[PDB]
Amino acid sequence: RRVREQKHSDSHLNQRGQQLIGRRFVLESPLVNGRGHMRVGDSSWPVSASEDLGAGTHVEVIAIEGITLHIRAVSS
Amino acid sequence: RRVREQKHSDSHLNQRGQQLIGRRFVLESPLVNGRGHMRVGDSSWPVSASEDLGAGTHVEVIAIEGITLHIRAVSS
Amino acid sequence: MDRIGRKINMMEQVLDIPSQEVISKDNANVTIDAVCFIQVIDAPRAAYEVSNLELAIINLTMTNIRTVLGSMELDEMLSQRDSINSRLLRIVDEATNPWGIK
Amino acid sequence: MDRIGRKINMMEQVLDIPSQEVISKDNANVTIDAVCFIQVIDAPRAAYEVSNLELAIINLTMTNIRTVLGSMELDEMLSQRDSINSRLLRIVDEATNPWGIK
Amino acid sequence: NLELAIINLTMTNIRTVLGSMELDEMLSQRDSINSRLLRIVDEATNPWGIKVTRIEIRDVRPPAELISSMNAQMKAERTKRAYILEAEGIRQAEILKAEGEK
Amino acid sequence: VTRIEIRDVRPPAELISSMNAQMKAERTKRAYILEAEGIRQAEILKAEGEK
């Protein structure tokens, strides 16, 4: 009872996949067939989206599957 | 009684053939005689379809036989 | 009725890759050694989707390093770091999607 | 019900990096040694987001030094100090953001 | 004896696939080798199970005789820079001596 | 059903030298051309000095 709805420091501590949820990024290479790669930090992560998105669009992460990130376009 | 209609995390855990069901892909080489190969991940899988399908068509997996995948065209 | 399956570490780990001999695009025979960082996303897959995670990662990386350094000039592997990384992960990420991040 | 997890130092520390062999942009084979200063921001992450902090920092720095010195002439290696620092931290800071400052 | 079947099938197709390619394609192309190998192995192993491998070549050793011929290329490419630099030195020296004589 | 394989094709020691002489010869060509380019540039620079 204490843990739920009250403590969240350790919940957000050691799970990265939930950390990346809600963050915003930009794209450098266009997605082909609704799949591609996106730069995070100094590395890259695989990304998938519902529709093909061109280079240079603001995107936001929604959910995570395996290690693949779901992204959707968000207005500035 | 508990397992069926209630628990599905382990059912979808360690069976890949059922994982690929319902996914969508595109073709790079035309099928000849209703049979060919399709790129998944970084490898390739054998595919078979009812009718010859040209290069660049959206396809969706239906069933699996052995290691061969049944695919059919699906509109975007 | 319930017992403990396996113990899964969830912190970044340093993983050596043994010495290796590669041939450059200029047909130059050189020897290299490489290091890796591995993190396990919270998925239980890393316990049941492969046996001997260490060997899988080691062989995959020693795989792609040879080809990636083979498509590059010898002076490219002295100055370019981002390109090597991106080209390697573009394959390794699809290979290890069923388990955990590279 | 409560016990002590780990002991975290919070003061700047000197960290040697073992000897290293690098090839310059002029294709010159030289040997160098390097030193590091590490500080832990008050975050508990430095205890639970990686195992063996020493190895992580050592391998990251020995990583980037090779490439950074490889994109430079041998004479830049003699006179420029700010440039080396800024170029190294532009990568190392993003690498160590989950833990503590470099 | 699944092990023998897979081993002999793969050692079969590797020989032919590498035989229809030149040495430099053996250095840079990875997707092509994989696709060409699986286009046969998948039909061979359809009655059993997937060959997800992404067949790697871990290492390509030529004998001692061929290595000298291979790295002579880069040695020759290095001599060119030295020759040009010596030429520039000669040019400037001659100009200065001409001024002195005048 | 075999798909009869040949696991290995060994020629004797005499034939291997003749077979890899081809690629050795193809390698010498690159070195020869690079040396020629070096000579060309050196001669141009020396000509400017003499002028």
# chains A, B, ... in the order shown; residues from 1 in each chain; ligands from 1
>>> interface_residues(of="chain A", to="chain B", cutoff="10 Å", atoms="only C-alpha atoms", output="list in words")
residues 33, 34 and 51 of chain A
>>> calpha_fit_and_write(fixed="chain B", moving="chain A", output="short mmCIF file (atom, residue, chain, number, x, y, z; two decimals) with N, CA and C atoms, in the first residue's frame")
data_model
loop_
_atom_site.label_atom_id
_atom_site.label_comp_id
_atom_site.auth_asym_id
_atom_site.auth_seq_id
_atom_site.Cartn_x
_atom_site.Cartn_y
_atom_site.Cartn_z
N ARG A 1 -7.48 -24.51 -16.17
CA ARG A 1 -8.51 -23.50 -16.28
C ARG A 1 -7.92 -22.10 -16.17
N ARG A 2 -6.94 -21.93 -15.27
CA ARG A 2 -6.32 -20.62 -15.11
C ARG A 2 -5.57 -20.20 -16.37
N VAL A 3 -4.86 -21.13 -17.01
CA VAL A 3 -3.98 -20.77 -18.12
C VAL A 3 -4.77 -20.21 -19.29
N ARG A 4 -5.87 -20.85 -19.65
CA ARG A 4 -6.57 -20.51 -20.88
C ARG A 4 -7.51 -19.33 -20.66
N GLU A 5 -7.56 -18.43 -21.63
CA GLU A 5 -8.30 -17.17 -21.62
C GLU A 5 -7.86 -16.21 -20.52
N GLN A 6 -6.77 -16.49 -19.83
CA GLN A 6 -6.38 -15.56 -18.77
C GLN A 6 -4.93 -15.12 -18.85
N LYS A 7 -4.01 -16.02 -19.21
CA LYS A 7 -2.59 -15.72 -19.21
C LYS A 7 -2.06 -15.87 -20.63
N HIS A 8 -1.36 -14.84 -21.11
CA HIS A 8 -0.81 -14.86 -22.46
C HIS A 8 0.61 -14.33 -22.56
N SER A 9 1.23 -13.92 -21.45
CA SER A 9 2.59 -13.39 -21.51
C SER A 9 3.58 -14.47 -21.94
N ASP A 10 3.49 -15.66 -21.34
CA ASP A 10 4.38 -16.75 -21.72
C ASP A 10 3.98 -17.38 -23.05
N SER A 11 2.69 -17.31 -23.41
CA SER A 11 2.25 -17.86 -24.69
C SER A 11 2.90 -17.13 -25.86
N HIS A 12 3.00 -15.81 -25.78
CA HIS A 12 3.67 -15.01 -26.81
C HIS A 12 5.16 -14.85 -26.55
N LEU A 13 5.68 -15.46 -25.49
CA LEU A 13 7.08 -15.25 -25.15
C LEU A 13 8.00 -16.00 -26.10
N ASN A 14 7.92 -17.32 -26.11
CA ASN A 14 8.95 -18.17 -26.70
C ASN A 14 8.49 -18.88 -27.97
N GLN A 15 7.58 -18.28 -28.73
CA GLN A 15 7.18 -18.81 -30.04
C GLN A 15 7.25 -17.68 -31.07
N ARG A 16 8.28 -17.70 -31.93
CA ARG A 16 8.44 -16.61 -32.89
C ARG A 16 7.44 -16.69 -34.04
N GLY A 17 7.11 -17.90 -34.49
CA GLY A 17 6.26 -18.03 -35.66
C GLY A 17 4.92 -17.35 -35.47
N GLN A 18 4.36 -17.45 -34.26
CA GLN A 18 3.13 -16.75 -33.96
C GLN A 18 3.35 -15.26 -33.75
N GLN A 19 4.58 -14.85 -33.43
CA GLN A 19 4.86 -13.42 -33.29
C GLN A 19 4.72 -12.70 -34.62
N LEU A 20 5.20 -13.31 -35.70
CA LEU A 20 5.22 -12.65 -37.00
C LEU A 20 3.83 -12.54 -37.62
N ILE A 21 2.83 -13.19 -37.04
CA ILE A 21 1.49 -13.15 -37.62
C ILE A 21 0.92 -11.75 -37.48
N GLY A 22 0.39 -11.21 -38.57
CA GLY A 22 -0.26 -9.93 -38.57
C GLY A 22 0.64 -8.76 -38.92
N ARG A 23 1.95 -8.96 -38.95
CA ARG A 23 2.84 -7.85 -39.25
C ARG A 23 2.78 -7.49 -40.72
N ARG A 24 3.23 -6.28 -41.03
CA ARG A 24 3.20 -5.76 -42.39
C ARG A 24 4.61 -5.49 -42.88
N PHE A 25 4.83 -5.71 -44.17
CA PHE A 25 6.13 -5.52 -44.79
C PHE A 25 5.94 -5.03 -46.21
N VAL A 26 7.07 -4.79 -46.88
CA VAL A 26 7.08 -4.44 -48.29
C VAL A 26 8.05 -5.38 -49.00
N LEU A 27 7.86 -5.50 -50.31
CA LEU A 27 8.64 -6.42 -51.13
C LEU A 27 9.62 -5.64 -51.99
N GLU A 28 10.81 -6.21 -52.17
CA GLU A 28 11.83 -5.60 -53.02
C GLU A 28 12.03 -6.33 -54.33
N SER A 29 11.72 -7.63 -54.38
CA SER A 29 11.84 -8.41 -55.59
C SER A 29 10.52 -9.09 -55.89
N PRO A 30 10.12 -9.15 -57.16
CA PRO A 30 8.82 -9.74 -57.49
C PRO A 30 8.82 -11.24 -57.27
N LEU A 31 7.67 -11.75 -56.85
CA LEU A 31 7.50 -13.19 -56.72
C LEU A 31 7.32 -13.81 -58.09
N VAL A 32 8.06 -14.89 -58.35
CA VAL A 32 7.90 -15.68 -59.56
C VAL A 32 7.29 -17.02 -59.16
N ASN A 33 6.22 -17.40 -59.84
CA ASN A 33 5.55 -18.67 -59.61
C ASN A 33 4.98 -18.76 -58.20
N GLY A 34 4.66 -17.62 -57.61
CA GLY A 34 4.10 -17.57 -56.27
C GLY A 34 5.02 -18.03 -55.15
N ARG A 35 6.28 -17.60 -55.17
CA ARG A 35 7.22 -18.00 -54.14
C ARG A 35 8.46 -17.11 -54.24
N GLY A 36 9.04 -16.80 -53.09
CA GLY A 36 10.21 -15.94 -53.08
C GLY A 36 10.75 -15.74 -51.69
N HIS A 37 11.51 -14.66 -51.50
CA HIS A 37 12.12 -14.34 -50.22
C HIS A 37 11.84 -12.90 -49.84
N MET A 38 11.75 -12.65 -48.53
CA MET A 38 11.40 -11.33 -48.02
C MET A 38 12.31 -10.99 -46.84
N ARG A 39 12.72 -9.73 -46.76
CA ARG A 39 13.64 -9.30 -45.71
C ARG A 39 12.89 -8.99 -44.42
N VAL A 40 13.32 -9.60 -43.33
CA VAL A 40 12.79 -9.35 -42.00
C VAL A 40 13.97 -9.13 -41.06
N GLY A 41 13.91 -8.05 -40.29
CA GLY A 41 15.03 -7.72 -39.42
C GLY A 41 16.26 -7.44 -40.25
N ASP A 42 17.29 -8.26 -40.08
CA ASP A 42 18.47 -8.22 -40.93
C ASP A 42 18.64 -9.50 -41.75
N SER A 43 17.74 -10.46 -41.63
CA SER A 43 17.81 -11.70 -42.38
C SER A 43 16.66 -11.78 -43.37
N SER A 44 16.51 -12.94 -44.00
CA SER A 44 15.45 -13.16 -44.97
C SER A 44 14.67 -14.41 -44.59
N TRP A 45 13.40 -14.43 -44.99
CA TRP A 45 12.52 -15.56 -44.78
C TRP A 45 11.84 -15.95 -46.08
N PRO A 46 11.61 -17.24 -46.30
CA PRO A 46 10.86 -17.65 -47.50
C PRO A 46 9.39 -17.31 -47.37
N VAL A 47 8.80 -16.89 -48.49
CA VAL A 47 7.40 -16.48 -48.52
C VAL A 47 6.71 -17.11 -49.72
N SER A 48 5.41 -17.35 -49.58
CA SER A 48 4.57 -17.88 -50.64
C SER A 48 3.23 -17.16 -50.61
N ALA A 49 2.69 -16.90 -51.80
CA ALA A 49 1.43 -16.19 -51.94
C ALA A 49 0.60 -16.83 -53.03
N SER A 50 -0.70 -16.53 -53.01
CA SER A 50 -1.63 -17.15 -53.96
C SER A 50 -1.36 -16.71 -55.39
N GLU A 51 -1.06 -15.43 -55.60
CA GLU A 51 -0.84 -14.90 -56.93
C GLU A 51 0.49 -14.15 -56.97
N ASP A 52 1.04 -14.02 -58.17
CA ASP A 52 2.30 -13.31 -58.34
C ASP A 52 2.13 -11.84 -57.99
N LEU A 53 3.03 -11.33 -57.16
CA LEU A 53 2.98 -9.96 -56.67
C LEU A 53 4.26 -9.25 -57.07
N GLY A 54 4.13 -8.05 -57.60
CA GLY A 54 5.28 -7.32 -58.08
C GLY A 54 6.07 -6.67 -56.97
N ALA A 55 7.20 -6.09 -57.36
CA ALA A 55 8.06 -5.41 -56.40
C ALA A 55 7.40 -4.14 -55.88
N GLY A 56 7.51 -3.92 -54.58
CA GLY A 56 7.00 -2.71 -53.98
C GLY A 56 5.55 -2.73 -53.58
N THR A 57 5.06 -3.83 -53.03
CA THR A 57 3.67 -3.94 -52.61
C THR A 57 3.62 -4.22 -51.11
N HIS A 58 2.68 -3.57 -50.43
CA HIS A 58 2.48 -3.84 -49.01
C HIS A 58 1.86 -5.21 -48.82
N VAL A 59 2.44 -6.01 -47.93
CA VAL A 59 1.98 -7.38 -47.70
C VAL A 59 1.84 -7.61 -46.21
N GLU A 60 0.99 -8.57 -45.86
CA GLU A 60 0.73 -8.93 -44.47
C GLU A 60 0.73 -10.45 -44.34
N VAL A 61 1.29 -10.93 -43.24
CA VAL A 61 1.45 -12.35 -42.98
C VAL A 61 0.16 -12.90 -42.38
N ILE A 62 -0.22 -14.10 -42.80
CA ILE A 62 -1.44 -14.76 -42.33
C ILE A 62 -1.12 -16.00 -41.50
N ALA A 63 -0.43 -16.97 -42.08
CA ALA A 63 -0.15 -18.23 -41.40
C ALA A 63 1.29 -18.65 -41.68
N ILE A 64 1.73 -19.66 -40.95
CA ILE A 64 3.09 -20.19 -41.05
C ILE A 64 3.02 -21.70 -41.25
N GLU A 65 3.83 -22.20 -42.18
CA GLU A 65 3.93 -23.63 -42.45
C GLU A 65 5.41 -23.99 -42.55
N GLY A 66 5.87 -24.86 -41.66
CA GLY A 66 7.29 -25.14 -41.58
C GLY A 66 8.03 -23.90 -41.15
N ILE A 67 8.76 -23.28 -42.07
CA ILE A 67 9.30 -21.95 -41.88
C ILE A 67 8.82 -20.98 -42.95
N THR A 68 7.91 -21.42 -43.81
CA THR A 68 7.41 -20.59 -44.90
C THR A 68 6.25 -19.74 -44.42
N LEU A 69 6.24 -18.48 -44.83
CA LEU A 69 5.24 -17.52 -44.40
C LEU A 69 4.25 -17.27 -45.52
N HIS A 70 2.96 -17.37 -45.21
CA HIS A 70 1.91 -17.00 -46.15
C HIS A 70 1.67 -15.50 -46.06
N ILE A 71 1.70 -14.83 -47.21
CA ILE A 71 1.50 -13.39 -47.25
C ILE A 71 0.38 -13.07 -48.23
N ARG A 72 -0.30 -11.96 -47.99
CA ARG A 72 -1.31 -11.46 -48.90
C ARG A 72 -1.25 -9.94 -48.94
N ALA A 73 -1.62 -9.37 -50.07
CA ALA A 73 -1.55 -7.93 -50.24
C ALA A 73 -2.58 -7.25 -49.35
N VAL A 74 -2.18 -6.14 -48.74
CA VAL A 74 -3.06 -5.34 -47.90
C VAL A 74 -2.90 -3.88 -48.29
N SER A 75 -4.03 -3.18 -48.38
CA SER A 75 -4.01 -1.76 -48.73
C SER A 75 -3.50 -0.93 -47.56
N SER A 76 -2.81 0.16 -47.89
CA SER A 76 -2.27 1.06 -46.87
C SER A 76 -3.38 1.78 -46.13
#
>>> closest_atom_pairs(of="chain E", to="chain F", cutoff="12 Å", atoms="only C-alpha atoms", output="JSON lines")
{"residue": "E:5", "atom": "CA", "partner": "F:2", "partner_atom": "CA", "distance": 10.9}
{"residue": "E:7", "atom": "CA", "partner": "F:7", "partner_atom": "CA", "distance": 11.1}
{"residue": "E:8", "atom": "CA", "partner": "F:7", "partner_atom": "CA", "distance": 8.2}
{"residue": "E:9", "atom": "CA", "partner": "F:5", "partner_atom": "CA", "distance": 8.4}
{"residue": "E:10", "atom": "CA", "partner": "F:7", "partner_atom": "CA", "distance": 10.2}
{"residue": "E:11", "atom": "CA", "partner": "F:7", "partner_atom": "CA", "distance": 6.9}
{"residue": "E:12", "atom": "CA", "partner": "F:5", "partner_atom": "CA", "distance": 5.7}
{"residue": "E:13", "atom": "CA", "partner": "F:5", "partner_atom": "CA", "distance": 8.2}
{"residue": "E:14", "atom": "CA", "partner": "F:7", "partner_atom": "CA", "distance": 9.6}
{"residue": "E:15", "atom": "CA", "partner": "F:7", "partner_atom": "CA", "distance": 7.5}
{"residue": "E:16", "atom": "CA", "partner": "F:6", "partner_atom": "CA", "distance": 9.1}
{"residue": "E:19", "atom": "CA", "partner": "F:9", "partner_atom": "CA", "distance": 11.4}
{"residue": "E:22", "atom": "CA", "partner": "F:23", "partner_atom": "CA", "distance": 10.3}
{"residue": "E:23", "atom": "CA", "partner": "F:23", "partner_atom": "CA", "distance": 9.4}
{"residue": "E:24", "atom": "CA", "partner": "F:23", "partner_atom": "CA", "distance": 11.3}
{"residue": "E:40", "atom": "CA", "partner": "F:3", "partner_atom": "CA", "distance": 10.5}
{"residue": "E:41", "atom": "CA", "partner": "F:3", "partner_atom": "CA", "distance": 11.1}
{"residue": "E:43", "atom": "CA", "partner": "F:3", "partner_atom": "CA", "distance": 11.6}
{"residue": "E:44", "atom": "CA", "partner": "F:3", "partner_atom": "CA", "distance": 9.1}
{"residue": "E:62", "atom": "CA", "partner": "F:20", "partner_atom": "CA", "distance": 10.4}
{"residue": "E:63", "atom": "CA", "partner": "F:20", "partner_atom": "CA", "distance": 10.4}
{"residue": "E:64", "atom": "CA", "partner": "F:20", "partner_atom": "CA", "distance": 11.9}
{"residue": "E:65", "atom": "CA", "partner": "F:24", "partner_atom": "CA", "distance": 9.1}
{"residue": "E:66", "atom": "CA", "partner": "F:24", "partner_atom": "CA", "distance": 7.0}
{"residue": "E:67", "atom": "CA", "partner": "F:24", "partner_atom": "CA", "distance": 9.6}
{"residue": "E:68", "atom": "CA", "partner": "F:24", "partner_atom": "CA", "distance": 9.2}
{"residue": "E:69", "atom": "CA", "partner": "F:24", "partner_atom": "CA", "distance": 5.8}
{"residue": "E:70", "atom": "CA", "partner": "F:27", "partner_atom": "CA", "distance": 6.7}
{"residue": "E:71", "atom": "CA", "partner": "F:27", "partner_atom": "CA", "distance": 9.1}
{"residue": "E:72", "atom": "CA", "partner": "F:31", "partner_atom": "CA", "distance": 7.1}
{"residue": "E:73", "atom": "CA", "partner": "F:31", "partner_atom": "CA", "distance": 5.2}
{"residue": "E:74", "atom": "CA", "partner": "F:31", "partner_atom": "CA", "distance": 8.0}
{"residue": "E:75", "atom": "CA", "partner": "F:31", "partner_atom": "CA", "distance": 8.3}
{"residue": "E:76", "atom": "CA", "partner": "F:31", "partner_atom": "CA", "distance": 5.3}
{"residue": "E:77", "atom": "CA", "partner": "F:34", "partner_atom": "CA", "distance": 6.1}
{"residue": "E:78", "atom": "CA", "partner": "F:34", "partner_atom": "CA", "distance": 9.3}
{"residue": "E:79", "atom": "CA", "partner": "F:35", "partner_atom": "CA", "distance": 7.7}
{"residue": "E:80", "atom": "CA", "partner": "F:38", "partner_atom": "CA", "distance": 4.9}
{"residue": "E:81", "atom": "CA", "partner": "F:38", "partner_atom": "CA", "distance": 7.6}
{"residue": "E:82", "atom": "CA", "partner": "F:38", "partner_atom": "CA", "distance": 9.0}
{"residue": "E:83", "atom": "CA", "partner": "F:38", "partner_atom": "CA", "distance": 6.4}
{"residue": "E:84", "atom": "CA", "partner": "F:42", "partner_atom": "CA", "distance": 5.5}
{"residue": "E:85", "atom": "CA", "partner": "F:42", "partner_atom": "CA", "distance": 8.5}
{"residue": "E:86", "atom": "CA", "partner": "F:42", "partner_atom": "CA", "distance": 8.2}
{"residue": "E:87", "atom": "CA", "partner": "F:42", "partner_atom": "CA", "distance": 5.2}
{"residue": "E:88", "atom": "CA", "partner": "F:45", "partner_atom": "CA", "distance": 6.6}
{"residue": "E:89", "atom": "CA", "partner": "F:46", "partner_atom": "CA", "distance": 9.6}
{"residue": "E:90", "atom": "CA", "partner": "F:46", "partner_atom": "CA", "distance": 7.2}
{"residue": "E:91", "atom": "CA", "partner": "F:49", "partner_atom": "CA", "distance": 4.7}
{"residue": "E:92", "atom": "CA", "partner": "F:49", "partner_atom": "CA", "distance": 7.1}
{"residue": "E:93", "atom": "CA", "partner": "F:49", "partner_atom": "CA", "distance": 8.6}
{"residue": "E:94", "atom": "CA", "partner": "F:49", "partner_atom": "CA", "distance": 6.2}
{"residue": "E:95", "atom": "CA", "partner": "F:49", "partner_atom": "CA", "distance": 6.1}
{"residue": "E:96", "atom": "CA", "partner": "F:49", "partner_atom": "CA", "distance": 9.8}
{"residue": "E:97", "atom": "CA", "partner": "F:49", "partner_atom": "CA", "distance": 10.6}
{"residue": "E:98", "atom": "CA", "partner": "F:50", "partner_atom": "CA", "distance": 9.3}
{"residue": "E:99", "atom": "CA", "partner": "F:49", "partner_atom": "CA", "distance": 11.9}
>>> interface_residues(of="chain E", to="chain B", cutoff="7 Å", atoms="only C-alpha atoms", output="list in words")
residues 35, 42, 46, 47, 48, 49, 50, 52 and 54 of chain E
>>> write_last_selection(atoms="N, CA, C and O atoms", output="short mmCIF file (atom, residue, chain, number, x, y, z; two decimals), in the first residue's frame")
data_model
loop_
_atom_site.label_atom_id
_atom_site.label_comp_id
_atom_site.auth_asym_id
_atom_site.auth_seq_id
_atom_site.Cartn_x
_atom_site.Cartn_y
_atom_site.Cartn_z
N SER E 35 22.21 -12.99 -47.97
CA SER E 35 21.02 -13.27 -48.76
C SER E 35 21.24 -14.44 -49.71
O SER E 35 20.38 -15.32 -49.83
N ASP E 42 17.56 -21.90 -46.71
CA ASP E 42 16.19 -21.88 -46.22
C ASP E 42 15.35 -22.96 -46.88
O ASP E 42 14.55 -23.63 -46.20
N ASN E 46 13.78 -26.09 -44.71
CA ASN E 46 12.35 -25.88 -44.50
C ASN E 46 11.69 -27.01 -43.73
O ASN E 46 10.85 -26.72 -42.87
N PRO E 47 12.01 -28.29 -43.96
CA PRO E 47 11.40 -29.34 -43.13
C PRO E 47 11.75 -29.28 -41.66
O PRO E 47 11.18 -30.06 -40.90
N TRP E 48 12.70 -28.45 -41.20
CA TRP E 48 13.01 -28.48 -39.78
C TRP E 48 12.81 -27.16 -39.05
O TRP E 48 11.91 -27.06 -38.21
N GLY E 49 13.59 -26.13 -39.37
CA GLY E 49 13.72 -24.97 -38.51
C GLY E 49 14.58 -23.91 -39.15
O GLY E 49 15.34 -24.19 -40.08
N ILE E 50 14.48 -22.68 -38.63
CA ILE E 50 15.00 -21.50 -39.33
C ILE E 50 16.51 -21.43 -39.18
O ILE E 50 17.07 -21.89 -38.18
N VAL E 52 18.44 -18.58 -38.92
CA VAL E 52 18.41 -17.13 -38.73
C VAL E 52 19.79 -16.51 -38.79
O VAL E 52 19.92 -15.28 -38.67
N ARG E 54 22.52 -15.12 -40.10
CA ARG E 54 23.37 -14.06 -40.62
C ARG E 54 24.83 -14.53 -40.66
O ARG E 54 25.69 -14.02 -39.94
#
>>> atom_distance(atom1="CA of residue 28 in chain E", atom2="CA of residue 71 in chain C")
4.7 Å
>>> select_by_dssp(residues="chain F", states="helix (DSSP H, G or I)", output="ChimeraX atom specification")
/F:13-50
>>> write_last_selection(atoms="C-alpha atoms", output="PDB file, in the first residue's frame")
ATOM      1  CA  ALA F  13      51.791 -27.106 -54.363  1.00  0.00           C
ATOM      2  CA  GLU F  14      52.977 -26.337 -57.900  1.00  0.00           C
ATOM      3  CA  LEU F  15      49.623 -25.016 -59.106  1.00  0.00           C
ATOM      4  CA  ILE F  16      48.954 -22.703 -56.145  1.00  0.00           C
ATOM      5  CA  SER F  17      51.887 -20.441 -57.015  1.00  0.00           C
ATOM      6  CA  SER F  18      50.647 -20.090 -60.578  1.00  0.00           C
ATOM      7  CA  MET F  19      47.131 -19.373 -59.338  1.00  0.00           C
ATOM      8  CA  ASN F  20      48.021 -16.583 -56.913  1.00  0.00           C
ATOM      9  CA  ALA F  21      50.572 -14.989 -59.253  1.00  0.00           C
ATOM     10  CA  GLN F  22      47.519 -13.476 -60.956  1.00  0.00           C
ATOM     11  CA  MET F  23      46.468 -11.446 -57.931  1.00  0.00           C
ATOM     12  CA  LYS F  24      50.063 -10.543 -57.054  1.00  0.00           C
ATOM     13  CA  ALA F  25      50.448  -9.126 -60.564  1.00  0.00           C
ATOM     14  CA  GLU F  26      47.191  -7.223 -60.222  1.00  0.00           C
ATOM     15  CA  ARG F  27      48.517  -5.673 -57.012  1.00  0.00           C
ATOM     16  CA  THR F  28      51.793  -4.488 -58.568  1.00  0.00           C
ATOM     17  CA  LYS F  29      49.830  -2.321 -61.021  1.00  0.00           C
ATOM     18  CA  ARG F  30      48.490   0.009 -58.313  1.00  0.00           C
ATOM     19  CA  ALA F  31      51.948   0.572 -56.851  1.00  0.00           C
ATOM     20  CA  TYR F  32      53.402   1.291 -60.282  1.00  0.00           C
ATOM     21  CA  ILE F  33      50.731   3.890 -61.061  1.00  0.00           C
ATOM     22  CA  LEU F  34      51.138   5.625 -57.685  1.00  0.00           C
ATOM     23  CA  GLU F  35      54.901   5.861 -58.165  1.00  0.00           C
ATOM     24  CA  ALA F  36      54.287   7.378 -61.605  1.00  0.00           C
ATOM     25  CA  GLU F  37      52.064  10.087 -60.110  1.00  0.00           C
ATOM     26  CA  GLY F  38      54.715  10.925 -57.528  1.00  0.00           C
ATOM     27  CA  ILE F  39      57.340  11.307 -60.252  1.00  0.00           C
ATOM     28  CA  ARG F  40      55.052  13.557 -62.296  1.00  0.00           C
ATOM     29  CA  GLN F  41      54.455  16.016 -59.458  1.00  0.00           C
ATOM     30  CA  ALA F  42      58.118  16.087 -58.442  1.00  0.00           C
ATOM     31  CA  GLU F  43      59.187  16.943 -61.992  1.00  0.00           C
ATOM     32  CA  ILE F  44      56.655  19.772 -62.263  1.00  0.00           C
ATOM     33  CA  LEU F  45      57.886  21.370 -59.034  1.00  0.00           C
ATOM     34  CA  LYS F  46      61.544  21.132 -60.039  1.00  0.00           C
ATOM     35  CA  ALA F  47      60.711  22.748 -63.387  1.00  0.00           C
ATOM     36  CA  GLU F  48      59.146  25.725 -61.608  1.00  0.00           C
ATOM     37  CA  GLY F  49      62.274  26.109 -59.487  1.00  0.00           C
ATOM     38  CA  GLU F  50      64.507  26.119 -62.561  1.00  0.00           C
TER      39      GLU F  50
END
>>> atom_distance(atom1="CA of residue 33 in chain C", atom2="CA of residue 13 in chain C")
17.2 Å
